[PDB]
Amino acid sequence: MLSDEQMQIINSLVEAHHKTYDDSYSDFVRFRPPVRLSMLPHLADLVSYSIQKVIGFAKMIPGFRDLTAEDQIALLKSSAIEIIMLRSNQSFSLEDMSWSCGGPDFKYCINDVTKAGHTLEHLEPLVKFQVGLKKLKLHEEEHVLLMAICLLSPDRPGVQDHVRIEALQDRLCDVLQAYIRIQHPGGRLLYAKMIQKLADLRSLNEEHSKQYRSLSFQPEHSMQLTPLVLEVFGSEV
Amino acid sequence: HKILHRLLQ
Ligand SMILES: C=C1/C(=C\C=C2/CCC[C@]3(C)C(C4(CCCC(C)(C)O)CC4)=CC[C@@H]23)C[C@@H](O)C[C@@H]1O
């Protein structure tokens with residue numbers, strides 16, 4: 001079984017995700033509306049709002065707050081789009097192969113995202129990733145653990161305290177490995193399947209950067225982004 | 001990173 005310390009990390013992480021993820025999706029009415037690059041303004045608002053949620057989550061991860069501000073920024077800048085890709089599995093639906101955030105105006109099919117500058121060269125692996133992740137049928141405890149392990153990766157450009165960040169990530173992986181073994185029936189090979197999802201996230205990150213770079217370089221398109229997106233997905237060090 | 005720093009605290 002799990003120790004009280006590991007159980008506490010789980011409670012902190014599950015609560016942190018509950019505070020920063022709103023199943024009502026009611027804040028989406030404040031984004032610039034969707035238009036069927038007509039979807040860029042709405043999706044840039046969607047992502048900008050999600051980056052803020054991911055910063056709130058991170059701050060509540062045990063030990064993240066105690067990193068230097070420099071390391072915190074390097075981890076979030078490198079991992080933001082991956083945490084977002086992960087947390088969106090909660091709205092993704094295997095039925096219609098789309099993200100469904102309450103109503104039909106906030107239902108993003110694959111065609112919607114092409115209207116925001118992304119070719120299917122990127123959207124194909126992204127939806128395959130979401131479908132595989134959905135098929136894993138993760139527990140909430142395992143979903144949040146994965147997001148926290150993704151954020152707390154020391155193999156990111158810019159991090160300085162490798163040793164402290166890797167220790168944090170190891171402790172989280174041990175909680176997860178023990179959670180699966182003790183609490184998840186039939187999860188014999190599930191830990192490995194989630195480590196492989198991390199690697200897929202790195203390949204999706206790189207493809208997103210290529211697509212995003214083309215947006216960021218056309219002022220008529222980059223002007224539609226938000227300042228948070230521009231700063232977080234930008235290359236300043 | 002003015003915004004990130006502010007949001008972090
Ligand atoms: C956000 C989120 C949601 C969905 C995420 C999506 C759906 C549309 C496509 C998105 C936005 C992408 C793209 C577009 C990126 C656009 C831009 C940043 C301008 O390059 C990469 C396909 C990655 C994650 C995807 C909704 C909810 O689950 C909260 C979550 O937090």
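Here are some notes:
- When residues of the range A:151-168 are limited to those that are assigned to a loop (DSSP other than H, G, I, E, B) and under 17 Å from the mean Cα position of the chain (by Cα), the one surrounded by the fewest Cβ atoms within 10 Å (Cβ to Cβ): A:155
- When each of A:145, A:138 is tested for being of a type in the set (A, V, I, L, M) and over 30 Å from residue B:6 (Cβ atoms), the lone residue that passes is A:138.
- Which listed residue, of A:45, A:22, is away from chain B (no Cβ under 14 Å), surrounded by fewer than 17 Cβ atoms within 10 Å (Cβ to Cβ) and within 13 Å of the ligand (Cβ to nearest atom): A:22
- When the residues of the range A:211-225 are filtered to those that are within 21 Å of residue A:82 (Cβ to Cβ) and over 18 Å from the mean Cα position of the chain (by Cα), the one that is farthest from the other protein chains (Cβ to nearest Cβ) is A:214.
- For residue A:73, the test of being more than 14 Å from chain B (Cβ to nearest Cβ) and either assigned to a helix (DSSP H, G or I) or surrounded by 16 or more Cβ atoms within 10 Å (Cβ to Cβ) (or both) is failed.
- Entry remark, the range A:89-122: residues being part of a strand (DSSP E or B) and either of a type in the set (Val, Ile, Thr) or near the ligand (Cβ under 7 Å from one of its atoms) (or both) number 2 in total.
- Residues in the range A:77-88 include none that are within 11 Å of another protein chain (Cβ to nearest Cβ), crowded, with 21+ Cβ neighbours inside 10 Å and not in a helix (DSSP H, G or I).
Each value in this text was obtained by applying a stated rule to the coordinates, not by laboratory testing. FYI the Cβ positions are ideal-geometry reconstructions off the backbone, even for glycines, and counts take in every protein chain you see.
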